Amino acid sequence: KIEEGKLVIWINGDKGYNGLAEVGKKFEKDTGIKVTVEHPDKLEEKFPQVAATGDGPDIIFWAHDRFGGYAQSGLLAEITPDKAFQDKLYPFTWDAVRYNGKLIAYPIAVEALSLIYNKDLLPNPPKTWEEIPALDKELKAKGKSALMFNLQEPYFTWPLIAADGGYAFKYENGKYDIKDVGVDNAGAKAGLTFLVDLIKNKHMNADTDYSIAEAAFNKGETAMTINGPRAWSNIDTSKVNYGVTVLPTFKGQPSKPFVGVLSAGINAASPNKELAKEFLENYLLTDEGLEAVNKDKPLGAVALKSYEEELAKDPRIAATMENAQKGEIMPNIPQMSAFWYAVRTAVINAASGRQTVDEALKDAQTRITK
Ligand SMILES: OC[C@H]1O[C@H](O[C@H]2[C@H](O)[C@@H](O)[C@@H](O)O[C@@H]2CO)[C@H](O)[C@@H](O)[C@@H]1O
(Lines give C-alpha, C1' and ligand atoms only; values in the text may rest on other atoms or scores of the structure.)
Protein backbone atom coordinates (compact mmCIF):
# COMPACT_ATOMS: atom_id res chain seq x y z
CA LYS A 1 0.00 0.00 0.00
CA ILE A 2 0.94 3.65 -0.48
CA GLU A 3 2.21 5.39 2.72
CA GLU A 4 -0.03 8.10 4.14
CA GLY A 5 1.24 11.62 5.00
CA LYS A 6 3.91 11.54 2.29
CA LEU A 7 4.12 11.99 -1.51
CA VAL A 8 6.00 9.72 -3.88
CA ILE A 9 6.30 11.04 -7.44
CA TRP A 10 7.32 9.23 -10.59
CA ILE A 11 8.62 11.12 -13.57
CA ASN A 12 10.63 10.00 -16.59
CA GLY A 13 14.41 10.13 -16.30
CA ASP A 14 14.66 12.55 -19.25
CA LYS A 15 12.72 15.23 -17.34
CA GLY A 16 13.89 17.94 -14.92
CA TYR A 17 13.50 15.64 -11.91
CA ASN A 18 16.10 17.42 -9.79
CA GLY A 19 14.18 20.62 -10.40
CA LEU A 20 10.93 18.94 -9.43
CA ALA A 21 12.68 17.58 -6.28
CA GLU A 22 13.37 21.23 -5.33
CA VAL A 23 9.65 22.15 -5.56
CA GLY A 24 9.09 19.14 -3.30
CA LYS A 25 11.57 20.53 -0.77
CA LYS A 26 9.66 23.82 -0.76
CA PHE A 27 6.41 21.93 -0.06
CA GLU A 28 8.07 20.04 2.74
CA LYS A 29 9.39 23.25 4.45
CA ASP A 30 5.89 24.81 4.44
CA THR A 31 3.72 21.80 5.33
CA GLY A 32 6.08 19.20 6.82
CA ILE A 33 5.11 16.70 4.10
CA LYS A 34 8.06 14.91 2.64
CA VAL A 35 8.10 14.56 -1.12
CA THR A 36 10.13 11.83 -2.85
CA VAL A 37 10.92 12.11 -6.59
CA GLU A 38 11.83 8.94 -8.49
CA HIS A 39 12.34 8.09 -12.09
CA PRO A 40 12.04 4.28 -12.49
CA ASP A 41 12.98 2.76 -15.86
CA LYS A 42 9.95 1.95 -18.08
CA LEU A 43 7.66 3.69 -15.55
CA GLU A 44 4.88 3.94 -18.19
CA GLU A 45 4.76 0.12 -18.12
CA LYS A 46 5.49 -0.35 -14.43
CA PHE A 47 2.82 2.08 -13.23
CA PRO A 48 -0.23 0.00 -14.36
CA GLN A 49 1.36 -3.13 -12.83
CA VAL A 50 1.95 -1.73 -9.34
CA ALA A 51 -1.07 0.58 -9.27
CA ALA A 52 -3.31 -2.42 -9.89
CA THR A 53 -2.36 -3.70 -6.44
CA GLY A 54 -2.78 -0.37 -4.65
CA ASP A 55 0.93 0.45 -4.82
CA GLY A 56 3.12 2.78 -6.83
CA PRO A 57 3.53 6.56 -6.58
CA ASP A 58 0.92 9.02 -5.42
CA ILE A 59 1.60 11.07 -8.57
CA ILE A 60 2.72 9.92 -11.99
CA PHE A 61 4.01 12.09 -14.83
CA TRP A 62 3.84 11.14 -18.46
CA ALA A 63 2.56 12.54 -21.80
CA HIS A 64 -1.27 12.37 -21.86
CA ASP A 65 -1.42 9.57 -24.47
CA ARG A 66 -0.95 6.87 -21.82
CA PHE A 67 -3.54 8.26 -19.41
CA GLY A 68 -6.77 7.02 -21.07
CA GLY A 69 -5.51 3.46 -20.66
CA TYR A 70 -4.74 4.09 -16.95
CA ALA A 71 -8.08 5.77 -16.39
CA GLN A 72 -9.87 2.96 -18.21
CA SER A 73 -8.36 0.45 -15.76
CA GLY A 74 -9.50 2.61 -12.86
CA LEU A 75 -5.92 3.52 -11.85
CA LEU A 76 -6.29 7.35 -11.89
CA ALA A 77 -8.36 9.65 -9.68
CA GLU A 78 -10.71 12.13 -11.30
CA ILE A 79 -9.47 15.60 -10.60
CA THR A 80 -11.85 18.51 -10.20
CA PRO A 81 -10.03 21.88 -10.04
CA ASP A 82 -12.32 24.87 -9.65
CA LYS A 83 -13.05 27.14 -12.61
CA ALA A 84 -10.65 29.75 -11.21
CA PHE A 85 -7.74 27.33 -11.32
CA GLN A 86 -8.80 26.02 -14.71
CA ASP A 87 -8.73 29.49 -16.21
CA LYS A 88 -4.98 29.65 -15.49
CA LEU A 89 -4.08 26.93 -18.00
CA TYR A 90 -4.77 26.91 -21.74
CA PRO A 91 -8.13 25.31 -22.60
CA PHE A 92 -6.63 22.94 -25.16
CA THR A 93 -4.27 21.48 -22.59
CA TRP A 94 -7.28 20.58 -20.43
CA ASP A 95 -8.81 18.87 -23.51
CA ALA A 96 -5.80 16.53 -23.72
CA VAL A 97 -6.45 15.23 -20.22
CA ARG A 98 -10.21 14.81 -20.49
CA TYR A 99 -11.32 11.22 -20.84
CA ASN A 100 -14.99 10.13 -21.13
CA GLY A 101 -15.91 13.66 -20.09
CA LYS A 102 -13.75 13.68 -16.93
CA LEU A 103 -10.43 15.32 -16.11
CA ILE A 104 -7.88 12.66 -15.16
CA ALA A 105 -4.70 14.70 -14.98
CA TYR A 106 -3.19 18.14 -14.59
CA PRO A 107 -1.58 19.45 -17.78
CA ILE A 108 2.02 20.64 -17.23
CA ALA A 109 3.70 21.33 -20.59
CA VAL A 110 3.34 20.93 -24.35
CA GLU A 111 6.01 19.27 -26.44
CA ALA A 112 6.77 18.54 -30.09
CA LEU A 113 9.93 17.43 -31.91
CA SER A 114 11.86 19.97 -34.00
CA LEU A 115 14.73 20.00 -36.43
CA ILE A 116 17.95 20.98 -34.66
CA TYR A 117 20.99 22.01 -36.70
CA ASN A 118 24.63 23.00 -36.29
CA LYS A 119 24.87 26.48 -37.92
CA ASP A 120 28.62 26.03 -38.41
CA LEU A 121 28.10 22.94 -40.57
CA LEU A 122 24.80 24.10 -42.08
CA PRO A 123 24.11 27.89 -42.20
CA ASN A 124 20.60 27.05 -43.50
CA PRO A 125 18.59 23.89 -42.69
CA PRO A 126 17.13 21.76 -45.55
CA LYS A 127 13.53 22.51 -46.41
CA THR A 128 12.79 18.99 -47.61
CA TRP A 129 13.60 15.51 -46.48
CA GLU A 130 14.37 14.70 -50.10
CA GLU A 131 17.49 16.90 -50.22
CA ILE A 132 19.13 15.24 -47.19
CA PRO A 133 20.81 12.28 -49.13
CA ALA A 134 22.77 14.82 -51.20
CA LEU A 135 23.69 16.92 -48.11
CA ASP A 136 25.01 13.78 -46.55
CA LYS A 137 27.11 12.93 -49.57
CA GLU A 138 28.91 16.30 -49.39
CA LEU A 139 29.25 16.27 -45.59
CA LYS A 140 30.67 12.73 -45.72
CA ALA A 141 33.36 14.15 -47.96
CA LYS A 142 34.27 16.32 -44.94
CA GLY A 143 34.17 13.51 -42.34
CA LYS A 144 30.65 14.43 -41.07
CA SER A 145 27.11 13.23 -41.73
CA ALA A 146 23.91 15.15 -42.33
CA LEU A 147 21.44 13.68 -39.88
CA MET A 148 21.34 11.46 -36.79
CA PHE A 149 18.36 10.83 -34.54
CA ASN A 150 16.70 8.16 -32.38
CA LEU A 151 15.37 5.40 -34.69
CA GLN A 152 14.56 3.09 -31.77
CA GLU A 153 11.47 5.01 -30.65
CA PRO A 154 8.53 5.44 -33.14
CA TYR A 155 7.85 8.90 -31.64
CA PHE A 156 10.89 10.18 -33.61
CA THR A 157 10.01 8.59 -36.97
CA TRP A 158 6.24 9.23 -36.78
CA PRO A 159 6.43 12.85 -38.24
CA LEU A 160 7.86 11.42 -41.48
CA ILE A 161 5.35 8.49 -41.56
CA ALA A 162 2.43 10.82 -41.03
CA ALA A 163 3.67 13.52 -43.49
CA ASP A 164 2.00 12.09 -46.58
CA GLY A 165 -1.10 10.32 -45.16
CA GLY A 166 -0.21 8.08 -42.23
CA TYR A 167 -2.43 8.33 -39.15
CA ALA A 168 -3.18 6.48 -35.95
CA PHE A 169 -6.94 6.60 -35.47
CA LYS A 170 -9.44 8.39 -37.65
CA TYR A 171 -10.89 11.29 -35.68
CA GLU A 172 -14.40 12.26 -36.68
CA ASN A 173 -17.49 13.78 -35.07
CA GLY A 174 -15.64 14.36 -31.79
CA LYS A 175 -14.59 10.69 -31.57
CA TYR A 176 -11.79 8.36 -32.60
CA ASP A 177 -12.64 5.40 -34.80
CA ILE A 178 -10.52 2.61 -33.29
CA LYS A 179 -11.34 0.55 -36.39
CA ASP A 180 -10.14 3.11 -38.85
CA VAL A 181 -6.34 2.91 -38.59
CA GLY A 182 -3.85 4.35 -41.10
CA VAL A 183 -0.46 2.69 -40.58
CA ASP A 184 -0.78 0.36 -43.57
CA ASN A 185 -1.79 3.08 -46.06
CA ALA A 186 0.04 4.67 -48.98
CA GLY A 187 1.27 7.73 -47.07
CA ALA A 188 2.62 5.59 -44.25
CA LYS A 189 4.44 3.20 -46.61
CA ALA A 190 5.95 6.18 -48.51
CA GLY A 191 7.30 7.71 -45.30
CA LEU A 192 8.79 4.52 -43.87
CA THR A 193 10.23 3.55 -47.29
CA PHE A 194 12.04 6.90 -47.38
CA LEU A 195 13.45 6.18 -43.90
CA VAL A 196 14.51 2.63 -44.85
CA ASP A 197 16.17 3.90 -48.06
CA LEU A 198 18.30 6.34 -46.02
CA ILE A 199 19.61 3.38 -44.07
CA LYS A 200 20.16 1.23 -47.14
CA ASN A 201 22.11 3.99 -48.81
CA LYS A 202 24.28 4.44 -45.74
CA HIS A 203 22.90 7.87 -44.80
CA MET A 204 21.83 6.46 -41.39
CA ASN A 205 22.36 3.34 -39.28
CA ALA A 206 19.46 1.28 -38.06
CA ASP A 207 20.97 0.97 -34.58
CA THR A 208 21.09 4.73 -33.83
CA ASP A 209 19.41 5.58 -30.54
CA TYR A 210 19.01 8.70 -28.36
CA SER A 211 22.55 8.55 -26.93
CA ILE A 212 24.34 7.78 -30.12
CA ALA A 213 22.58 10.73 -31.85
CA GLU A 214 23.11 13.10 -28.89
CA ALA A 215 26.79 12.29 -28.61
CA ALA A 216 27.40 12.72 -32.31
CA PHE A 217 25.55 16.03 -32.59
CA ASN A 218 26.96 17.59 -29.39
CA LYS A 219 30.43 16.56 -30.55
CA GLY A 220 29.92 18.23 -33.98
CA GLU A 221 30.03 14.98 -35.96
CA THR A 222 26.59 15.41 -37.53
CA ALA A 223 24.98 18.57 -38.95
CA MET A 224 21.40 17.79 -37.78
CA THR A 225 19.35 15.95 -35.23
CA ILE A 226 15.67 15.67 -34.30
CA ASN A 227 14.78 16.01 -30.67
CA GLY A 228 12.46 17.46 -28.03
CA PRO A 229 12.86 20.35 -25.54
CA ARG A 230 14.82 18.30 -22.97
CA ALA A 231 17.78 17.88 -25.34
CA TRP A 232 18.42 21.67 -25.30
CA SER A 233 20.18 21.81 -21.91
CA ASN A 234 22.95 19.40 -23.00
CA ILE A 235 23.45 21.25 -26.33
CA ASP A 236 23.82 24.47 -24.43
CA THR A 237 26.69 22.90 -22.51
CA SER A 238 28.31 21.61 -25.74
CA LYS A 239 28.83 25.17 -27.03
CA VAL A 240 27.72 23.92 -30.55
CA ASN A 241 26.22 26.89 -32.48
CA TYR A 242 22.76 25.45 -33.06
CA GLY A 243 19.38 26.44 -34.33
CA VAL A 244 15.96 24.97 -33.62
CA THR A 245 13.53 25.03 -36.55
CA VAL A 246 10.67 23.43 -38.48
CA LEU A 247 11.01 19.88 -39.69
CA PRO A 248 11.50 19.31 -43.44
CA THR A 249 8.55 18.60 -45.73
CA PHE A 250 8.09 15.20 -47.39
CA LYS A 251 6.41 14.96 -50.81
CA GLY A 252 5.71 18.67 -50.38
CA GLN A 253 3.72 17.99 -47.16
CA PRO A 254 4.79 19.24 -43.74
CA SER A 255 6.09 16.69 -41.26
CA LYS A 256 3.35 16.05 -38.67
CA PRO A 257 4.78 15.34 -35.23
CA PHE A 258 2.55 13.89 -32.53
CA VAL A 259 2.06 16.51 -29.81
CA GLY A 260 2.31 15.40 -26.21
CA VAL A 261 1.06 17.21 -23.14
CA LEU A 262 3.19 16.31 -20.10
CA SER A 263 0.62 15.66 -17.39
CA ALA A 264 0.38 14.69 -13.73
CA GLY A 265 -2.06 12.03 -12.65
CA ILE A 266 -3.03 10.98 -9.12
CA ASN A 267 -3.03 7.24 -8.31
CA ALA A 268 -6.60 6.08 -7.47
CA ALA A 269 -5.11 3.98 -4.63
CA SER A 270 -3.49 7.02 -3.01
CA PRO A 271 -4.59 7.98 0.52
CA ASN A 272 -2.87 11.36 -0.02
CA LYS A 273 -5.07 12.75 -2.78
CA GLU A 274 -5.67 16.06 -1.05
CA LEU A 275 -1.97 16.53 -0.40
CA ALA A 276 -1.19 15.73 -4.08
CA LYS A 277 -3.74 18.33 -5.14
CA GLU A 278 -2.27 20.99 -2.84
CA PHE A 279 1.21 20.27 -4.21
CA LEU A 280 0.19 20.37 -7.86
CA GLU A 281 -2.06 23.41 -7.84
CA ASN A 282 -0.24 25.62 -5.33
CA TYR A 283 3.41 24.64 -5.68
CA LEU A 284 4.17 23.06 -9.05
CA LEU A 285 1.63 24.86 -11.25
CA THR A 286 3.04 28.30 -10.46
CA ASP A 287 5.58 30.51 -12.23
CA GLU A 288 8.10 29.61 -9.57
CA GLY A 289 7.33 25.92 -9.60
CA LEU A 290 7.55 25.54 -13.36
CA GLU A 291 10.67 27.69 -13.60
CA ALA A 292 12.54 25.35 -11.24
CA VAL A 293 11.77 22.28 -13.36
CA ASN A 294 12.39 24.16 -16.57
CA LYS A 295 15.82 25.25 -15.38
CA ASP A 296 16.77 21.65 -14.78
CA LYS A 297 15.46 20.37 -18.16
CA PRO A 298 13.37 22.60 -20.51
CA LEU A 299 9.66 21.67 -20.39
CA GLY A 300 8.77 23.15 -23.76
CA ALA A 301 5.68 25.38 -23.89
CA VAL A 302 4.07 25.34 -20.45
CA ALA A 303 0.31 24.93 -19.83
CA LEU A 304 0.31 27.83 -17.32
CA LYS A 305 -0.57 31.00 -19.26
CA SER A 306 1.34 33.43 -17.02
CA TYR A 307 4.68 31.56 -17.36
CA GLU A 308 4.13 30.75 -21.05
CA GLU A 309 4.01 34.47 -21.89
CA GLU A 310 7.59 34.79 -20.73
CA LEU A 311 8.89 31.61 -22.38
CA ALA A 312 7.23 32.52 -25.67
CA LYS A 313 10.02 35.02 -26.32
CA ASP A 314 12.45 32.08 -26.71
CA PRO A 315 12.86 31.25 -30.42
CA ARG A 316 13.31 27.56 -29.50
CA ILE A 317 9.80 27.62 -27.96
CA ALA A 318 8.41 29.36 -31.02
CA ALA A 319 9.85 26.65 -33.27
CA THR A 320 8.41 24.07 -30.96
CA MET A 321 4.91 25.58 -31.28
CA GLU A 322 5.22 25.97 -35.00
CA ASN A 323 6.01 22.24 -35.30
CA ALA A 324 3.10 21.45 -32.98
CA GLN A 325 0.64 23.46 -35.09
CA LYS A 326 1.61 21.28 -38.04
CA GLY A 327 1.30 18.09 -36.04
CA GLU A 328 -1.47 16.57 -33.99
CA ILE A 329 -2.32 16.17 -30.33
CA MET A 330 -1.98 12.49 -29.63
CA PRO A 331 -5.17 10.55 -28.86
CA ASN A 332 -5.41 9.50 -25.16
CA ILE A 333 -7.59 6.42 -25.88
CA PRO A 334 -6.68 2.99 -24.35
CA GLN A 335 -5.72 1.70 -27.84
CA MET A 336 -2.70 3.99 -27.96
CA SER A 337 -0.54 1.47 -26.14
CA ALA A 338 -1.19 -1.14 -28.86
CA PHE A 339 -0.54 1.48 -31.55
CA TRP A 340 2.86 2.42 -30.10
CA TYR A 341 4.11 -1.11 -29.56
CA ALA A 342 2.95 -2.23 -33.01
CA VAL A 343 4.56 0.78 -34.76
CA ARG A 344 7.82 0.38 -32.81
CA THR A 345 8.05 -3.20 -33.98
CA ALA A 346 7.24 -2.25 -37.57
CA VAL A 347 9.88 0.54 -37.77
CA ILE A 348 12.67 -1.52 -36.20
CA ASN A 349 11.97 -4.62 -38.31
CA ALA A 350 11.81 -2.65 -41.53
CA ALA A 351 14.93 -0.57 -40.66
CA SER A 352 16.94 -3.64 -39.56
CA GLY A 353 15.84 -5.46 -42.68
CA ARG A 354 14.08 -8.27 -40.77
CA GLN A 355 10.90 -7.46 -42.79
CA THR A 356 9.99 -5.36 -45.82
CA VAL A 357 8.00 -2.15 -45.32
CA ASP A 358 4.79 -3.70 -46.65
CA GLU A 359 5.16 -6.78 -44.43
CA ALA A 360 6.03 -4.65 -41.42
CA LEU A 361 3.12 -2.18 -41.80
CA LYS A 362 0.61 -4.89 -42.66
CA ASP A 363 1.36 -6.75 -39.38
CA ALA A 364 1.07 -3.51 -37.37
CA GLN A 365 -2.26 -2.59 -38.99
CA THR A 366 -3.56 -6.06 -38.17
CA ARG A 367 -2.36 -5.95 -34.56
CA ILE A 368 -3.80 -2.50 -33.87
CA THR A 369 -7.26 -3.27 -35.25
CA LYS A 370 -7.46 -6.54 -33.25
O1 LIG B 1 7.97 6.26 -29.03
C2 LIG B 1 6.82 5.83 -28.38
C3 LIG B 1 6.52 6.73 -27.20
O4 LIG B 1 6.33 8.10 -27.67
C5 LIG B 1 5.97 9.04 -26.63
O6 LIG B 1 6.99 9.08 -25.62
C7 LIG B 1 7.86 10.21 -25.62
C8 LIG B 1 7.40 11.16 -24.53
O9 LIG B 1 6.12 11.67 -24.85
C10 LIG B 1 8.38 12.32 -24.37
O11 LIG B 1 8.00 13.03 -23.22
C12 LIG B 1 9.81 11.83 -24.22
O13 LIG B 1 9.96 11.24 -22.98
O14 LIG B 1 10.16 10.89 -25.24
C15 LIG B 1 9.29 9.75 -25.37
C16 LIG B 1 9.79 8.91 -26.52
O17 LIG B 1 10.97 8.26 -26.15
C18 LIG B 1 4.68 8.61 -25.97
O19 LIG B 1 4.29 9.53 -24.95
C20 LIG B 1 4.84 7.20 -25.38
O21 LIG B 1 3.62 6.79 -24.79
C22 LIG B 1 5.27 6.23 -26.48
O23 LIG B 1 5.52 4.93 -25.97
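As recorded in the entry header, the structure was determined using X-ray crystallography to a resolution of 2.3 Å.

This part takes up empty space enclosed by the protein. Enumeration according to the criterion identifies five cavities of 30 Å³ or more in this entry. By volume, the largest cavity amounts to about 70 Å³. As for the largest cavity, its lining consists of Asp-14, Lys-15, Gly-16, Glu-111, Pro-229, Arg-230, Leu-262, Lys-297, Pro-298 and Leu-299.

Before going further, it helps to examine the packing of aromatic side chains. Taken as a whole and judged by the stated rule, the model has 19 aromatic pairs. Ring geometry for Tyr-90 against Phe-92: centres 6.5 Å apart, planes inclined by 35°, an arrangement best described as tilted. With relative accessibility at 25%, the residue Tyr-90 sits in the partly exposed group. With a centroid separation of 5.7 Å and an interplanar angle of 85°, the aromatic rings of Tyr-155 and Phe-156 are classed as edge-to-face. In this structure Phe-156 comes out as buried when scored by relative accessible area, which is 11%. Ring-pair connections join several aromatic residues into one group, and the members of that group are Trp-158, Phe-169, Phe-258, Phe-339 and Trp-340.

Here strand β11 (residues 222-227) lies mainly inside the structure; six of its six residues are buried. Of the pairings in the sheet, the one linking strand β7 (residues 114-118) to β11 comprises four bridges and is antiparallel in character. Residue pairing across strands places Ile-116 opposite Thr-225, the latter belonging to β11. The pairing of strand β8 (residues 145-147) with β11 spans two bridges and is classified as parallel. From the neighbouring strand, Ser-145 faces β11, where its bridge partner is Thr-222.

Let's shift gears to the domain arrangement of the protein. Taken as a whole, the protein is organised into domain 1 (5-111 + 260-331) and domain 2 (112-259 + 332-370). For domain 1 versus domain 2, the separation of C-alpha centres amounts to 26 Å. Each side of the interface is counted separately: domain 1 has 35 residues, and domain 2 has 29 residues. On the domain 1 side of the interface with domain 2, the three residues burying the most area are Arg-316, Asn-323 and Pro-331, jointly 27% of the side's total. There are two salt bridges connecting domain 1 and domain 2. Across the pair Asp-236 and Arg-316 runs a salt bridge, and its minimum N-O distance is 3.3 Å. Viewed at the interface, domain 2 and domain 1 are joined by 13 residue pairs in polar contact. For the side of domain 1 that touches domain 2, the elements supplying multiple residues, two or more each, are α3 (67-72), β4 (98-99), β6 (106-111), β15 (258-266), α14 (315-326) and β17 (328-329).

The next thing to look at is the site of the ligand. The local shell around the ligand holds 13 residues, among which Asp-14, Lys-15, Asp-65, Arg-66 and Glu-153 are the closest. Between the ligand and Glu-153 there is a distance of 2.7 Å, counted from an oxygen atom to a side-chain nitrogen or oxygen. Protein chains bury 91% of the 470 Å² of accessible surface belonging to the ligand in isolation. Judged by its atoms lying within 2 Å of the grid points, the ligand is housed in the largest pocket. Where the shell around the ligand is concerned, the elements lending two or more residues are β3 (59-63), α7 (154-163) and α15 (336-352). Here the shell around the ligand is built from residues that sort into five nonpolar, one polar and seven charged.

Attention now goes to α15. Taking 1.5 Å of rise per residue, 17 residues should cover 24 Å, and α15 covers 24 Å from first to last C-alpha, within 8% of that figure. Of the positions making up α15, those classed as buried are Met-336, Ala-338, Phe-339, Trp-340, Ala-342, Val-343, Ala-346, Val-347, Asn-349, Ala-350 and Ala-351. Of the surrounding secondary structure, the elements contacted by the buried residues of α15 are α7, β9 (167-172), α8 (186-200), β15 and α16 (357-369). Taken from the residues just after α15, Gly-353 is the one with a positive phi, measuring 75°.

On to the packing of α7 against α8, then. Packing of α7 against α8 leaves a shortest axis separation of 6 Å and a crossing angle of 125°. As judged from the angle between their axes, α7 and α8 are oblique. Note that α7 runs across α8; the crossing there is right-handed. From α7, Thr-157, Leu-160 and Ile-161 reach across to α8, where they touch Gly-187, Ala-188, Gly-191, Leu-192, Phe-194 and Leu-195.

Conventions we followed
Residues numbered from 1 in each chain as written, not as in the entry; some residues may be left out. Heavy atoms only, no water. 1 Å grid on protein atoms, 1.4 Å probe; cavity = no way out; pocket = protein on both sides within 12 Å on 5 of 7 lines; lining within 4 Å. Points joined across faces, edges and corners; volume = space filled by probe spheres on them. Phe/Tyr/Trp six-rings, centres within 6.5 Å; stacked < 30°, edge-to-face > 60°. Buried < 20%, exposed > 50% of the residue type's maximum accessible area, 1.4 Å probe, protein only. Helix = DSSP H or I, 4+ residues; strand = E, 2+ residues; numbered from the N terminus. Pairing = 2+ DSSP bridges. Domains from an automatic or database assignment. Contact = heavy atoms within 4.5 Å. Buried area = accessible area lost by both parts, 1.4 Å probe. Salt bridge = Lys/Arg side-chain N within 4 Å of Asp/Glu carboxyl O. Polar contact = N/O pair within 3.5 Å; in protein donor to acceptor, adjacent residues only side chain to side chain. Near = heavy atom within 4 Å. Areas by Shrake-Rupley, 256 points an atom, 1.4 Å probe, with all protein chains shown as cover. Sits in = over half its atoms within 2 Å of the grid points. Nonpolar A, V, L, I, M, F, W, Y, C, P; charged D, E, K, R; others polar. Expected span 1.5 Å × (residues − 1). Axes fitted to C-alpha atoms, helices over the stretch in contact; angles between N-to-C directions. Parallel < 35°, antiparallel > 145°, perpendicular 65-115°, else oblique. Left-handed = near helix turned anticlockwise from the far one by under 90°.

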